[PDB]
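Working notes for the structure below.
FYI the Cβ positions are ideal-geometry reconstructions off the backbone, even for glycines, and counts take in every protein chain you see. What is reported rests on the model, the rules as stated and the sources as named; none is laboratory data.
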Amino acid sequence: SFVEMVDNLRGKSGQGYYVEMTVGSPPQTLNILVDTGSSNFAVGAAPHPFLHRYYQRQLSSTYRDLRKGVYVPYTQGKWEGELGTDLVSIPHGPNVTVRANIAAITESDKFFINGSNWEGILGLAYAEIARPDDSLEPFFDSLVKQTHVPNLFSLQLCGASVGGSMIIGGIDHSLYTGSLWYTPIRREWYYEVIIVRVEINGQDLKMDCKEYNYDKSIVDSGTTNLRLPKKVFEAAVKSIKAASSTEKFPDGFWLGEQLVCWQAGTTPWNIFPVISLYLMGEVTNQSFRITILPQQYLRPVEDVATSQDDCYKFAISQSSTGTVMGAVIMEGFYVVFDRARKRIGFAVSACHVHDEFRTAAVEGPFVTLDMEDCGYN
Ligand SMILES: COCc1cc2cc(c1)C(=O)N[C@H]([C@H](O)CNCc1cccc(C(C)C)c1)C[C@H](C)CCCCCCCN2
(Lines give C-alpha, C1' and ligand atoms only; values in the text may rest on other atoms or scores of the structure.)
Protein backbone atom coordinates (compact mmCIF):
# COMPACT_ATOMS: atom_id res chain seq x y z
CA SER A 1 0.00 0.00 0.00
CA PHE A 2 3.04 2.27 -0.42
CA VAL A 3 1.80 3.97 -3.63
CA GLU A 4 -0.24 6.30 -1.39
CA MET A 5 2.99 7.73 0.01
CA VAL A 6 4.81 8.34 -3.28
CA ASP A 7 5.41 12.08 -3.85
CA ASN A 8 4.23 13.09 -0.36
CA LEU A 9 7.19 15.47 0.14
CA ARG A 10 7.49 19.09 -1.07
CA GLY A 11 10.07 21.80 -0.47
CA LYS A 12 11.95 24.88 -1.60
CA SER A 13 15.61 24.49 -2.63
CA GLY A 14 17.93 25.02 0.34
CA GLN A 15 14.97 25.10 2.76
CA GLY A 16 14.32 21.43 3.55
CA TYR A 17 11.71 18.85 2.59
CA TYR A 18 8.32 18.64 4.36
CA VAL A 19 5.39 16.26 4.70
CA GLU A 20 1.77 17.03 5.60
CA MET A 21 0.55 15.98 9.07
CA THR A 22 -2.35 16.65 11.44
CA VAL A 23 -2.27 17.07 15.21
CA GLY A 24 -5.12 17.24 17.69
CA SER A 25 -8.85 16.53 17.84
CA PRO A 26 -10.33 17.91 15.61
CA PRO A 27 -7.34 17.57 13.24
CA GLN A 28 -5.17 20.66 12.68
CA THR A 29 -3.15 20.55 9.45
CA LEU A 30 0.53 21.53 9.43
CA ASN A 31 3.55 21.05 7.17
CA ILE A 32 6.42 19.37 9.01
CA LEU A 33 10.06 19.30 7.91
CA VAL A 34 11.54 15.78 7.80
CA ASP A 35 14.91 15.76 9.62
CA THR A 36 17.07 12.66 10.07
CA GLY A 37 19.62 14.85 11.90
CA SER A 38 17.62 15.32 15.13
CA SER A 39 15.04 13.57 17.31
CA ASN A 40 12.38 16.07 18.52
CA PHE A 41 8.88 16.57 17.13
CA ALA A 42 8.11 20.30 17.44
CA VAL A 43 5.66 22.79 15.90
CA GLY A 44 4.95 26.50 15.95
CA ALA A 45 2.36 27.11 18.71
CA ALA A 46 2.42 30.91 18.89
CA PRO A 47 2.33 33.74 16.32
CA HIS A 48 5.50 34.43 14.33
CA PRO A 49 6.09 36.72 11.31
CA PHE A 50 7.15 33.73 9.16
CA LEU A 51 4.40 31.27 10.22
CA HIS A 52 1.23 31.01 8.12
CA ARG A 53 -0.45 28.90 10.82
CA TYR A 54 0.37 27.17 14.08
CA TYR A 55 -0.75 24.53 16.56
CA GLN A 56 -3.52 25.73 18.89
CA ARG A 57 -3.48 23.50 21.94
CA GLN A 58 -6.57 25.23 23.35
CA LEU A 59 -8.65 23.92 20.41
CA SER A 60 -7.69 20.24 20.77
CA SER A 61 -9.73 18.03 23.08
CA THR A 62 -6.96 15.41 23.13
CA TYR A 63 -4.14 17.76 24.18
CA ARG A 64 -2.31 16.81 27.40
CA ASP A 65 0.16 19.17 29.08
CA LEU A 66 3.41 17.63 30.28
CA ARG A 67 4.17 20.71 32.43
CA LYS A 68 7.88 20.69 31.54
CA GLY A 69 9.90 23.04 29.32
CA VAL A 70 12.19 22.21 26.40
CA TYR A 71 14.76 23.86 24.14
CA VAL A 72 16.75 22.51 21.18
CA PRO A 73 19.91 24.22 19.82
CA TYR A 74 20.80 23.13 16.28
CA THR A 75 23.89 24.12 14.30
CA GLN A 76 21.84 26.90 12.67
CA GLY A 77 18.77 28.10 14.59
CA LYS A 78 17.13 27.28 17.90
CA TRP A 79 13.76 27.27 19.65
CA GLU A 80 12.22 26.76 23.08
CA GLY A 81 8.74 25.77 24.11
CA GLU A 82 6.44 23.57 26.16
CA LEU A 83 6.14 19.76 26.17
CA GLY A 84 2.85 17.90 25.76
CA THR A 85 1.19 15.00 23.96
CA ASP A 86 -1.57 14.72 21.36
CA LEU A 87 -2.88 12.53 18.53
CA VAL A 88 -0.99 12.74 15.23
CA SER A 89 -1.68 11.46 11.70
CA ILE A 90 -0.01 11.54 8.29
CA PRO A 91 -2.70 11.93 5.60
CA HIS A 92 -0.41 10.69 2.80
CA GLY A 93 1.09 8.06 5.05
CA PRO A 94 -0.10 4.87 6.73
CA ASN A 95 -3.67 4.81 8.02
CA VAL A 96 -2.92 5.07 11.75
CA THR A 97 -3.09 7.57 14.61
CA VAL A 98 -0.50 7.81 17.38
CA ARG A 99 -0.21 9.66 20.66
CA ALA A 100 3.12 11.45 20.37
CA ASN A 101 5.27 13.88 22.29
CA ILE A 102 4.98 17.39 20.86
CA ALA A 103 7.10 20.43 21.68
CA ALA A 104 4.87 23.49 21.32
CA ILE A 105 7.26 26.21 20.11
CA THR A 106 6.70 29.58 21.83
CA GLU A 107 9.98 31.34 20.98
CA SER A 108 12.64 30.87 18.31
CA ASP A 109 15.79 32.42 16.82
CA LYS A 110 16.78 31.94 13.15
CA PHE A 111 14.71 28.72 12.97
CA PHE A 112 11.62 29.49 10.89
CA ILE A 113 12.40 30.70 7.37
CA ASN A 114 10.62 33.58 5.65
CA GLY A 115 8.04 32.11 3.27
CA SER A 116 9.15 28.49 3.61
CA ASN A 117 5.65 26.89 3.88
CA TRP A 118 6.54 24.54 6.80
CA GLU A 119 5.54 25.14 10.41
CA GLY A 120 7.31 22.39 12.42
CA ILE A 121 9.98 19.68 12.44
CA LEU A 122 9.93 15.86 12.64
CA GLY A 123 13.19 14.51 14.11
CA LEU A 124 13.61 10.91 12.95
CA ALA A 125 16.86 10.00 14.78
CA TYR A 126 17.13 8.13 18.09
CA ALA A 127 16.21 8.98 21.68
CA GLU A 128 19.88 9.35 22.69
CA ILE A 129 20.05 12.88 21.19
CA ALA A 130 16.51 13.98 22.09
CA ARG A 131 16.01 17.03 24.33
CA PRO A 132 15.76 17.59 27.21
CA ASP A 133 17.07 14.00 27.52
CA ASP A 134 16.64 10.47 26.14
CA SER A 135 13.46 9.81 28.12
CA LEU A 136 11.39 11.88 25.67
CA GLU A 137 10.27 9.17 23.25
CA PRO A 138 10.72 10.23 19.58
CA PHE A 139 7.75 10.14 17.21
CA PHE A 140 8.95 7.21 15.11
CA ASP A 141 9.55 5.12 18.24
CA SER A 142 5.97 5.92 19.33
CA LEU A 143 4.65 4.99 15.86
CA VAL A 144 6.42 1.62 15.92
CA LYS A 145 5.35 0.89 19.51
CA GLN A 146 1.65 1.75 19.07
CA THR A 147 0.95 0.31 15.57
CA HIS A 148 1.95 -2.57 13.30
CA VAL A 149 4.05 -0.29 11.03
CA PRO A 150 7.47 -1.94 10.50
CA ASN A 151 10.55 -0.31 12.02
CA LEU A 152 11.99 1.28 8.89
CA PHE A 153 11.41 4.18 6.51
CA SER A 154 12.93 5.34 3.22
CA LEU A 155 13.59 8.78 1.73
CA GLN A 156 13.70 9.71 -1.98
CA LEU A 157 14.77 13.37 -2.11
CA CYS A 158 14.56 14.83 -5.62
CA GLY A 159 16.52 17.93 -6.55
CA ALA A 160 15.71 21.17 -8.32
CA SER A 161 10.35 23.87 -6.55
CA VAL A 162 11.41 20.37 -5.27
CA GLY A 163 9.63 17.16 -4.32
CA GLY A 164 10.17 13.65 -3.03
CA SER A 165 8.81 10.64 -1.14
CA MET A 166 8.98 9.44 2.45
CA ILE A 167 7.90 5.78 2.44
CA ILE A 168 6.90 5.01 6.05
CA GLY A 169 7.19 1.34 7.01
CA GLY A 170 8.94 -0.14 3.98
CA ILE A 171 10.70 0.02 0.62
CA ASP A 172 8.93 0.95 -2.65
CA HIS A 173 10.77 -0.74 -5.50
CA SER A 174 9.45 1.65 -8.16
CA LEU A 175 11.64 4.43 -6.70
CA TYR A 176 15.11 3.05 -7.57
CA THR A 177 17.14 1.09 -10.12
CA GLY A 178 19.97 -1.36 -9.57
CA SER A 179 20.89 -2.93 -6.24
CA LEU A 180 20.64 -1.56 -2.73
CA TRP A 181 23.97 -1.33 -0.87
CA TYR A 182 23.91 -1.28 2.94
CA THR A 183 26.22 0.28 5.48
CA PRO A 184 26.00 -0.32 9.25
CA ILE A 185 24.52 2.25 11.56
CA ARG A 186 27.54 2.52 13.85
CA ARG A 187 25.59 3.63 16.95
CA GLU A 188 21.90 4.50 17.47
CA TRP A 189 21.96 8.24 18.17
CA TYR A 190 22.50 10.18 14.98
CA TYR A 191 22.33 8.02 11.87
CA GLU A 192 26.08 7.49 12.16
CA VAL A 193 28.06 5.68 9.45
CA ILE A 194 31.76 5.13 8.67
CA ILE A 195 33.47 6.51 5.53
CA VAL A 196 36.50 4.35 4.57
CA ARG A 197 37.86 6.04 1.41
CA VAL A 198 37.43 9.25 -0.61
CA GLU A 199 38.24 9.78 -4.30
CA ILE A 200 37.97 12.85 -6.53
CA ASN A 201 37.89 12.11 -10.30
CA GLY A 202 39.30 8.68 -9.42
CA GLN A 203 42.31 9.83 -7.36
CA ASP A 204 42.51 8.77 -3.72
CA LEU A 205 42.79 11.74 -1.33
CA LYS A 206 45.16 9.43 0.60
CA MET A 207 44.34 10.64 4.11
CA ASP A 208 44.12 8.60 7.28
CA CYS A 209 40.54 7.39 7.03
CA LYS A 210 39.94 8.52 10.64
CA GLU A 211 40.04 12.09 9.29
CA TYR A 212 36.90 11.33 7.28
CA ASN A 213 34.98 10.48 10.45
CA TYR A 214 36.51 13.02 12.86
CA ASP A 215 34.62 13.23 15.09
CA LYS A 216 31.63 11.50 13.41
CA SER A 217 29.83 11.05 10.10
CA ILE A 218 26.03 11.38 9.92
CA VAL A 219 23.25 11.16 7.33
CA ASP A 220 21.21 14.37 7.81
CA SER A 221 18.28 15.34 5.58
CA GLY A 222 17.94 18.50 7.69
CA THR A 223 21.19 20.04 6.38
CA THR A 224 21.58 21.31 2.81
CA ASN A 225 25.33 20.91 2.16
CA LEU A 226 28.00 18.28 2.22
CA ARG A 227 29.96 19.33 5.32
CA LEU A 228 33.50 18.03 5.87
CA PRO A 229 36.04 18.21 8.72
CA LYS A 230 38.61 20.99 8.35
CA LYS A 231 41.48 18.86 7.06
CA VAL A 232 39.26 16.93 4.62
CA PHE A 233 37.51 20.10 3.40
CA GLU A 234 40.84 21.78 2.61
CA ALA A 235 42.02 18.70 0.70
CA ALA A 236 38.78 18.53 -1.30
CA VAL A 237 38.63 22.24 -2.18
CA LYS A 238 42.27 22.18 -3.31
CA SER A 239 41.52 19.28 -5.66
CA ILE A 240 38.28 20.77 -7.02
CA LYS A 241 40.12 24.05 -7.63
CA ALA A 242 42.88 22.37 -9.65
CA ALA A 243 40.34 20.44 -11.73
CA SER A 244 38.48 23.67 -12.58
CA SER A 245 41.41 26.13 -12.89
CA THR A 246 40.41 26.54 -16.59
CA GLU A 247 38.13 29.23 -15.15
CA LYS A 248 38.47 31.40 -12.07
CA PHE A 249 36.05 32.27 -9.29
CA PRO A 250 36.11 34.67 -6.33
CA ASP A 251 37.53 33.02 -3.23
CA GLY A 252 34.25 33.87 -1.52
CA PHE A 253 32.64 31.41 -3.91
CA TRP A 254 34.64 28.57 -2.28
CA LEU A 255 33.33 29.73 1.14
CA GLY A 256 29.67 29.46 0.08
CA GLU A 257 29.00 33.23 0.10
CA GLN A 258 29.33 34.51 -3.48
CA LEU A 259 27.47 32.74 -6.26
CA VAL A 260 28.88 32.15 -9.75
CA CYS A 261 27.03 32.59 -13.06
CA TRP A 262 27.40 31.56 -16.70
CA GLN A 263 25.39 32.42 -19.80
CA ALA A 264 22.22 30.30 -19.71
CA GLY A 265 22.84 26.75 -20.87
CA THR A 266 26.65 27.06 -20.95
CA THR A 267 27.63 25.88 -17.45
CA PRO A 268 30.98 23.99 -17.86
CA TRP A 269 30.04 20.83 -15.95
CA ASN A 270 32.92 18.81 -17.47
CA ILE A 271 35.58 20.75 -15.50
CA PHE A 272 34.12 19.92 -12.09
CA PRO A 273 35.19 16.48 -10.76
CA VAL A 274 33.08 13.61 -9.42
CA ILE A 275 33.44 12.73 -5.71
CA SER A 276 33.33 9.11 -4.53
CA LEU A 277 32.59 8.28 -0.89
CA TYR A 278 33.26 4.63 0.09
CA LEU A 279 31.14 3.29 2.97
CA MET A 280 31.71 0.28 5.24
CA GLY A 281 29.84 -2.76 3.96
CA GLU A 282 27.97 -5.68 5.53
CA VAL A 283 30.67 -8.42 5.25
CA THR A 284 34.31 -8.67 6.33
CA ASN A 285 36.69 -6.36 4.42
CA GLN A 286 33.91 -5.24 2.03
CA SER A 287 32.82 -1.69 1.16
CA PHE A 288 30.88 0.05 -1.61
CA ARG A 289 30.95 3.56 -3.11
CA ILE A 290 28.48 6.29 -3.97
CA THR A 291 29.49 8.83 -6.61
CA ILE A 292 28.35 12.49 -6.51
CA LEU A 293 28.14 14.64 -9.69
CA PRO A 294 28.89 18.40 -9.75
CA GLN A 295 25.20 19.00 -10.45
CA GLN A 296 24.69 17.92 -6.82
CA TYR A 297 27.33 20.03 -5.06
CA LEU A 298 26.73 23.14 -7.21
CA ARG A 299 23.30 24.17 -5.93
CA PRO A 300 21.32 26.42 -8.31
CA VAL A 301 20.24 29.81 -6.93
CA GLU A 302 17.95 32.42 -8.48
CA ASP A 303 19.96 35.24 -10.03
CA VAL A 304 19.41 38.40 -7.99
CA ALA A 305 20.16 40.41 -11.16
CA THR A 306 18.16 41.13 -14.32
CA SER A 307 20.24 38.85 -16.56
CA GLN A 308 18.85 35.33 -16.73
CA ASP A 309 22.02 33.27 -16.50
CA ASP A 310 22.65 30.01 -14.69
CA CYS A 311 23.90 30.80 -11.18
CA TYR A 312 25.05 28.40 -8.46
CA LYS A 313 26.38 28.30 -4.91
CA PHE A 314 29.19 25.94 -3.87
CA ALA A 315 27.40 23.45 -1.59
CA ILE A 316 30.42 21.90 0.14
CA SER A 317 31.47 23.61 3.37
CA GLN A 318 33.65 23.17 6.43
CA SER A 319 32.67 21.54 9.74
CA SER A 320 34.02 21.22 13.26
CA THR A 321 31.51 18.51 14.32
CA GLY A 322 32.29 15.80 11.73
CA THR A 323 31.04 14.89 8.27
CA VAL A 324 27.41 15.70 7.38
CA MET A 325 25.94 13.85 4.39
CA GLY A 326 23.24 16.45 3.71
CA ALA A 327 20.34 16.74 1.29
CA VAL A 328 22.73 17.56 -1.54
CA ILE A 329 24.23 14.08 -1.10
CA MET A 330 20.88 12.33 -0.58
CA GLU A 331 19.27 13.79 -3.74
CA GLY A 332 19.45 11.30 -6.59
CA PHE A 333 19.72 8.29 -4.27
CA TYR A 334 17.02 6.20 -2.63
CA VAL A 335 18.08 5.98 1.03
CA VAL A 336 16.67 3.24 3.29
CA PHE A 337 16.84 3.83 7.07
CA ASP A 338 16.55 0.18 8.09
CA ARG A 339 16.32 0.63 11.87
CA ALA A 340 15.20 -2.99 12.49
CA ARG A 341 18.49 -4.33 11.07
CA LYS A 342 20.70 -1.36 12.14
CA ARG A 343 21.71 -0.38 8.62
CA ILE A 344 21.34 2.32 5.97
CA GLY A 345 20.76 1.39 2.30
CA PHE A 346 21.66 3.33 -0.87
CA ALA A 347 20.55 2.92 -4.48
CA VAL A 348 20.41 5.06 -7.62
CA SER A 349 17.14 6.98 -7.42
CA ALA A 350 14.45 7.03 -10.10
CA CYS A 351 14.74 10.84 -9.95
CA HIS A 352 18.46 10.80 -10.59
CA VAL A 353 20.72 13.63 -11.77
CA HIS A 354 21.53 13.82 -15.50
CA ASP A 355 25.01 14.72 -16.73
CA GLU A 356 25.92 14.23 -20.37
CA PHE A 357 28.84 11.81 -20.15
CA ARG A 358 28.78 10.86 -16.43
CA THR A 359 26.39 9.06 -14.09
CA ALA A 360 25.78 9.09 -10.37
CA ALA A 361 26.15 5.54 -9.09
CA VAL A 362 26.19 3.07 -6.21
CA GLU A 363 28.73 0.35 -6.97
CA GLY A 364 30.19 -2.63 -5.16
CA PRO A 365 31.71 -4.76 -3.91
CA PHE A 366 35.13 -3.32 -3.07
CA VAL A 367 37.78 -4.83 -0.80
CA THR A 368 39.03 -2.54 1.99
CA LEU A 369 41.31 -3.75 4.77
CA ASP A 370 41.13 -2.57 8.40
CA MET A 371 37.81 -0.73 7.98
CA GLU A 372 37.30 -0.86 11.77
CA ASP A 373 40.26 1.54 12.17
CA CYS A 374 38.42 4.31 10.30
CA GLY A 375 36.04 4.93 13.19
CA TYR A 376 37.01 7.73 15.54
CA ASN A 377 37.06 7.19 19.31
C1 LIG B 1 26.34 24.73 6.54
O2 LIG B 1 25.72 24.27 7.77
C3 LIG B 1 24.71 25.18 8.28
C4 LIG B 1 23.32 24.53 8.28
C5 LIG B 1 22.55 24.53 7.11
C6 LIG B 1 21.28 23.95 7.09
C7 LIG B 1 20.78 23.35 8.25
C8 LIG B 1 21.54 23.33 9.42
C9 LIG B 1 22.80 23.93 9.44
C10 LIG B 1 20.96 22.69 10.65
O11 LIG B 1 21.33 23.01 11.78
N12 LIG B 1 20.03 21.74 10.46
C13 LIG B 1 19.34 21.08 11.55
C14 LIG B 1 19.75 19.62 11.70
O15 LIG B 1 18.92 19.01 12.70
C16 LIG B 1 21.23 19.44 12.10
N17 LIG B 1 21.44 18.01 12.41
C18 LIG B 1 22.69 17.76 13.13
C19 LIG B 1 22.72 18.42 14.50
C20 LIG B 1 23.59 19.47 14.77
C21 LIG B 1 23.60 20.06 16.02
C22 LIG B 1 22.74 19.62 17.02
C23 LIG B 1 21.85 18.59 16.77
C24 LIG B 1 20.92 18.10 17.86
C25 LIG B 1 19.65 18.94 17.95
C26 LIG B 1 20.57 16.62 17.69
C27 LIG B 1 21.86 17.99 15.51
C28 LIG B 1 17.84 21.18 11.32
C29 LIG B 1 17.39 22.59 10.92
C30 LIG B 1 17.33 23.49 12.15
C31 LIG B 1 16.06 22.56 10.18
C32 LIG B 1 15.51 23.93 9.77
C33 LIG B 1 16.19 24.54 8.55
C34 LIG B 1 16.13 23.68 7.28
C35 LIG B 1 16.71 24.38 6.05
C36 LIG B 1 18.18 24.74 6.22
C37 LIG B 1 19.15 23.57 5.84
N38 LIG B 1 20.53 23.96 5.92
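Odds and ends about this structure:
- Flag for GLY364 being out of contact with any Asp or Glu (no Cβ under 7 Å at 6 or more places or on another chain) and small (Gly, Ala, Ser): yes
- Looking across the stretch 316-347, the residues that are of a type outside the set (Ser, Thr, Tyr), more than 16 Å from the ligand (Cβ to nearest atom) and over 19 Å from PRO273 (Cα atoms) come down to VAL336, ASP338, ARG339, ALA340, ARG341, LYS342, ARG343, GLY345, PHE346, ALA347.
- From the options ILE195, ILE200, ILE218, residue that is among the β-branched types (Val, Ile, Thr), touching a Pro at 6+ places or on another chain (Cβ under 6 Å), in the same structural domain as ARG343 (by CATH) and under 30 Å from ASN285 (Cα atoms): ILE200
- Test result for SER60, out of contact with any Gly (no Cβ under 8 Å at 6 or more places or on another chain) and small (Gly, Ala, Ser): no
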